[PDB]
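J.: Chains as they are written, first to last, in the numbering used here: chain A, 1 to 447; chain B, 1001 to 1447. Ideal placement from N, C-alpha and C gives every residue a C-beta, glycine not left out. After the structure tokens below, expect a handful of questions from me.
Pasting the structure below:
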């Protein structure tokens, strides 16, 4: 463990260990056994090449796929050239059953298949289960926290910064709502991607299948196989390999989600740096650093490096295939582990956040110049011309503060109805927040 | 023009020139004028701040947007935040020069409540949407059409597959082109489903100004109406000073995956031509090079450099915004120009393609070893065990040819019913193509 080179299987092992069920040699051997068994179960239920075995013999066949133990995986690696060992393992387990039924049909293990028929279905089921069971729910945990923050702090005023400089006020809940909205959108796009598989023999064309059974409609038959036994979409058109385009789509989608989370990580770092948030060191006893957000920032960038690699190399495979796709594909697990490490750090980070009210309100009260616009807007509503230049002229050579802005209102805007004058004099930076509070508390509803 | 640094505006200007309607300073100024005019038209039809002008005054206002000439653009650049304020002055001046008391009153409402990113993001959205729908996607769809025509025309024409570059079970040229059709069809559909979004929410995304100007207006609904009615755009409610750009990233990711498929196509055709299986209609008079596919390959890689840039930098904008996004966005035009240049070269390339039948047929008849599998599958259908090892033992030390494979059939497979034996002796590499012909000609329906 301590001698492991990859931080995935080294220091971050506990944070990402649940991925081993979907992505690892163990997981891969396991799902290949399942595919070979279900292919044989399917050939039996279709009776393409033999008559159906007894109800008990199917049960014994099915059991090879359902009870997969560490010793079963150990026996496959002992035979290992990758999927041929799996083929050998299934045949052996059918031979050691001593049922004449299964000893006859043993020879139909891997019948018609290329090794990529088995692998692509195994990868597809692993990727689909991983995303739906582990990765997307983790992202959805982040959205939930962002929603709760959006509602809880919907009203809490916060000085905006554009180009780093003070601007019209917002609320902390609103700024968190914007991230909810972005991630809500990315998650929807990702779950609309259909995980696809094929099962078309050596070269994609059912060459072998046509000679073996000339009147079988193999397009409909494989469609059935993939839907019934794996709940997968069938991509009919392929070479020796599945095109991988769906993996590219998913990874593009997760990479956009990750870019939003990088934006979030940096903004929170910035709010914490500005002393507007607090978190619930070797030298300074009260120094508290946003390390969860920093650690996530780095791991999201790494995840995305893998994602950019996938969508750039996966689309190219020379002719009816080159093998370089398969070493790359072996890294989907790593890519999603970096995602998972980062997502867990964002969550740890978000759960430590509290507002610093006194600091939020002090800053707003030191930035009265952000009332420049609503004063100009009101002046223009009552037919004032060159409102900006008037404020500019009045403040020339002055350090704009509350007294200056309110003196501007009293003397330069007195032509306004006095009710309107009084409304402007009631305005403060903290109180000029538009529909920020409305928009933050309704983010889920307004999706 | 010959002094231009970018090949976009230099050597490839004729190939990509129709993009300047959508992407150029001229196009940008033009669309900004349109946004400002329509905002003022919308304010008038809602009567938020003034009572409706005469039917002819609206006509005169709308005409500023409809008749945009080079001299109008010249006038804006002469006036040239500093960018959109010139546009704002341009529209005001045109309303002043109308001498209509109606428009002299309402001209002060030009750009009322707007930030410059309200204007720009709508202008960008309308330009991007129109460009994709009118120029870029139809160019991609032209490539699809040609691939479909190639798939049908050559559906039957046998071609030796290569896996790891080595001979494999036969396919057809039409089938190999159909795989590409299917992939591109898919990419185009994904790209057309991306919704082009815009916002119009003032300084900081929260309608701060709007709320003080008209306290009982629901600005969310109002802007939804504005954007749908005047531009037919989706409204992304949640923003800062900037629109988040997430839809741009989706589009570019979508175009990048299409481009990767085309790179794969470009390389495969280069390889088929290299192998003398296709022909194209300074020293070597009969040397003919696949330059169209080569040129496209390079320009697709460049297009993807920009797209990877967009999807990685556009997601980050510090706090309520940093300005780095705006220089980057100025390059969408360039990115789409490199796309268009490459798509036109792929089209030029595909229209020169013809098969070399004699070469296709001779290669297949030099590769009888690819009949290994159908022989083995027929043996195993009739209960043969270790079919592979039997063929391997028979061919040990021999250079496999037609005589060898057919001698294997005659003497080693004679236990099969004689009808099956003669079916095997009827097989040739060119006639072991599976459902390639049927899959190729039916690609439009099946994919």
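Following the continuous beta strand (DSSP E) through residue 1354(B), name the residue where it begins and the one where it ends.
T.: Position 354 of the second chain, counted from the start, is the residue given in the question as residue 1354(B). 1353–1355 is the span of the beta strand (DSSP E), which, as asked, contains residue 1354(B).
J.: Is there at least one Cβ from chain D nearer than 8 Å to residue 306(A)'s Cβ?
T.: Absent from the structure is chain D; the protein chains it does hold are A and B.
J.: In angstroms, rounded to a whole number, what distance separates the CA positions of residue 1337(B) and residue 1445(B)?
T.: What you label residue 1337(B) is simply residue 337 of the second chain in a count that begins at 1. What you label residue 1445(B) is simply residue 445 of the second chain in a count that begins at 1. Taking the straight line from one Cα to the other gives about 32 Å.
J.: Can you have a look at residue 1349(B) and say buried or exposed, based on whether 16 or more other CB atoms are within 10 angstroms of its CB?
T.: Translated into positions along the second chain, residue 1349(B) becomes position 349. Counting Cβ neighbours within 10 Å, residue 1349(B) comes out buried, since at least 16 surround it.
J.: Output needed for residue 172(A): all residues of its chain with C-beta closer than 7 Å, excluding positions within five of it in sequence on either side, in chain order.
T.: By 1-based counting over the first chain, the position of residue 172(A) is 172. For residue 172(A), where only same-chain residues beyond five positions count, the Cβ hits under 7 Å are 153, 156, 158 and 355.
J.: Check this for me: beta carbons of residue 434(A) and residue 1049(B), under 8 Å apart or not?
T.: Translated into positions along the first chain, residue 434(A) becomes position 434. Translated into positions along the second chain, residue 1049(B) becomes position 49. Cβ distance not < 8 Å, so residue 434(A) and residue 1049(B) don't count as in contact.
J.: For residue 1088(B), collect the residues of the same chain with a Cβ closer than 6 Å to its Cβ; drop the 5 residues on either side in sequence, then sort them by chain order.
T.: Taking the first residue of the second chain as 1, we reach residue 1088(B) at position 88. If we look at residue 1088(B) and ignore the five residues flanking it on each side, its Cβ neighbours are 1110 and 1111.
J.: I need the straight-line Cα distance from residue 393(A) to residue 1253(B), nearest angstrom please.
T.: For this step, residue 393(A) is matched to residue 393 along the first chain. For this step, residue 1253(B) is matched to residue 253 along the second chain. So the alpha carbons of these two residues sit roughly 49 Å apart.
J.: Which residues in chain A have a C-beta closer than 9 Å to the C-beta of residue 1327(B)? List them in chain order.
T.: Within the second chain, numbered from 1, the residue matching residue 1327(B) stands at position 327. What residue 1327(B) touches in chain A: nothing, since even the nearest Cβ is about 13 Å away.
J.: Quick one: which chain A residues come within Cβ less than 8 Å of residue 1165(B)?
T.: Along the second chain, one-based indexing puts residue 1165(B) at 165. Result: 318, 319 and 322.
J.: Should the region 1270–1289 of chain B be called in touch with the region 213–224 of chain A, which here means at least 3 C-beta pairs below 8 Å?
T.: Touching, no, given that fewer than three Cβ pairs across the two stretches are closer than 8 Å.
J.: If the criterion is Cβ atoms closer than 8 Å, does the pair residue 64(A) and residue 30(A) meet it?
T.: By 1-based counting over the first chain, the position of residue 64(A) is 64. By 1-based counting over the first chain, the position of residue 30(A) is 30. Not a contact, by the Cβ cut-off of 8 Å.
J.: Can you give, in chain order, each stretch of the beta strand (DSSP E) that sits fully within the region 1352–1400 of chain B and has at least 3 residues?
T.: Whole beta strand (DSSP E) segments, 3+ residues: 1353–1355.
J.: What are the boundary residues of the alpha helix (DSSP H) that includes residue 1342(B)?
T.: Against the second chain, residue 1342(B) aligns to sequence position 342. Counting along the chain, the alpha helix (DSSP H) containing residue 1342(B) begins and ends at 1332–1350.
J.: What residues in its chain sit with their C-beta under 7 Å from that of residue 1161(B), if we drop five residues either side in the sequence?
T.: In the second chain, residue 1161(B) corresponds to position 161, counting from 1. Contacts found: 1168, 1169, 1170 and 1171.
J.: Identify the contact partners of residue 1433(B) in chain A, using a Cβ-Cβ distance below 8 Å as the criterion.
T.: Indexing the second chain from 1 puts residue 1433(B) at position 433. Going along chain A in sequence order, the residues near residue 1433(B) (Cβ under 8 Å) are 205 and 207.
J.: Cβ-heavy atom distance between residue 1093(B) and the ligand MG below 7 Å?
T.: The ligand MG is absent from the structure shown, which contains no ligands of any kind.
J.: Helix, strand or coil for residue 1285(B), going by three-state DSSP, please let me know.
T.: Counted from its first residue, the second chain places residue 1285(B) at position 285. Note: residue 1285(B) maps to coil in three-state DSSP.
J.: Which residue comes first and which comes last in the beta strand (DSSP E) that contains residue 1167(B)?
T.: Looking up residue 1167(B) in the second chain gives position 167. Element bounds for residue 1167(B): 1166–1172.
J.: Using a Cβ-Cβ distance under 8 Å, would residue 1267(B) count as near chain A?
T.: Start at 1 with the first residue of the second chain, and residue 1267(B) comes out as number 267. At least one chain A Cβ lies under 8 Å of residue 1267(B).
J.: Is residue 162(A) helix, strand or coil when you go by DSSP?
T.: As a first step, residue 162(A) must be located in the first chain, where it is residue number 162. In this structure, residue 162(A) counts as strand in the three-state DSSP scheme.
J.: So, for residue 1343(B): in the same chain, excluding its five sequence neighbours on each side, which residues have a beta-carbon less than 7 Å away from its beta-carbon?
T.: Along the second chain, read from residue 1 onward, the residue named residue 1343(B) stands at position 343. So the list reads 1139, 1140 and 1143, once near-sequence residues are dropped.
J.: Which residues of chain B have a Cβ atom closer than 7 Å to the Cβ of residue 385(A), listed in chain order?
T.: Against the first chain, residue 385(A) aligns to sequence position 385. In chain order: 1108.
J.: What do you get for residue 312(A), buried or exposed, if any count of 16 or more other CB atoms within 10 angstroms of its CB means buried?
T.: Counted from its first residue, the first chain places residue 312(A) at position 312. When all chains shown are included, residue 312(A) counts as buried.
J.: So residue 430(A) and residue 151(A) are in contact, right, with Cβ under 8 Å, and what is the actual spacing, rounded?
T.: Within the first chain, numbered from 1, the residue matching residue 430(A) stands at position 430. Within the first chain, numbered from 1, the residue matching residue 151(A) stands at position 151. Between residue 151(A) and residue 430(A) the Cβ distance is about 19 Å, and since that is not below 8 Å, they are no contact.
J.: Tell me, please, which residues DSSP counts as bridged to residue 1278(B).
T.: Taking the first residue of the second chain as position 1, residue 1278(B) is located at position 278. 1355(B), per the DSSP bridge assignment.
J.: Do we get a CB-CB distance below 8 Å when we pair residue 188(A) with the residues of chain B?
T.: Indexing the first chain from 1 puts residue 188(A) at position 188. Not an interface residue.
J.: What three-state label does DSSP hand residue 1321(B) in the structure shown?
T.: Within the second chain, the letter at position 321 stands for residue 1321(B). Note: residue 1321(B) maps to strand in three-state DSSP.
J.: Give me, in chain order, the residues of the same chain whose beta-carbon lies closer than 8 Å to that of residue 213(A); leave out the 5 immediate sequence neighbours on both sides.
T.: Within the first chain, residue 213(A) is the residue found at index 213, counting from 1. The residues are 48 and 49.
J.: Out of 327(A), 320(A) and 366(A), which has the shortest C-alpha to C-alpha gap to residue 1165(B)?
T.: Start at 1 with the first residue of the second chain, and residue 1165(B) comes out as number 165. Nearest of 327(A), 320(A) and 366(A) to residue 1165(B), Cα basis: 320(A).
J.: Run through DSSP, which three-state label would residue 1114(B) get?
T.: Sequence index remark: in the second chain, residue 1114(B) carries index 114 (1-based). Looking at residue 1114(B) - three-state DSSP - the assignment turns out to be coil, as it is neither helix nor strand.
J.: Counting only beta-carbon separations shorter than 8 Å, does residue 1039(B) have a partner in chain A?
T.: In the second chain, the residue the question calls residue 1039(B) occupies position 39. It does not: the Cβ of residue 1039(B) has no partner Cβ on chain A nearer than 8 Å.
J.: Residues in the same chain with beta-carbon distance under 8 Å from residue 373(A), minus the five sequence neighbours each way, listed in chain order, please.
T.: Taking the first residue of the first chain as 1, we reach residue 373(A) at position 373. The residues are 168.
J.: Under 8 Å, do residue 1115(B) and residue 263(A) count as touching if we go by C-beta distance?
T.: The residue you call residue 1115(B) lines up with position 115 of the second chain. The residue you call residue 263(A) lines up with position 263 of the first chain. Taking 8 Å as the Cβ cut-off, residue 1115(B) and residue 263(A) do not qualify as a contacting pair.
J.: Assuming residue 73(A) is part of the alpha helix (DSSP H), what are its boundary residues?
T.: Counted from its first residue, the first chain places residue 73(A) at position 73. 70–79 is the span of the alpha helix (DSSP H), which, as asked, contains residue 73(A).
J.: Starting from the C-beta of residue 1345(B), find all residues in its chain whose C-beta is less than 6 Å away, skip the five residues before and the five after it, and write them out in chain order.
T.: In the second chain, counting from the first residue as 1, residue 1345(B) sits at position 345. Same-chain partners within the cutoff: 1292, 1295 and 1296.
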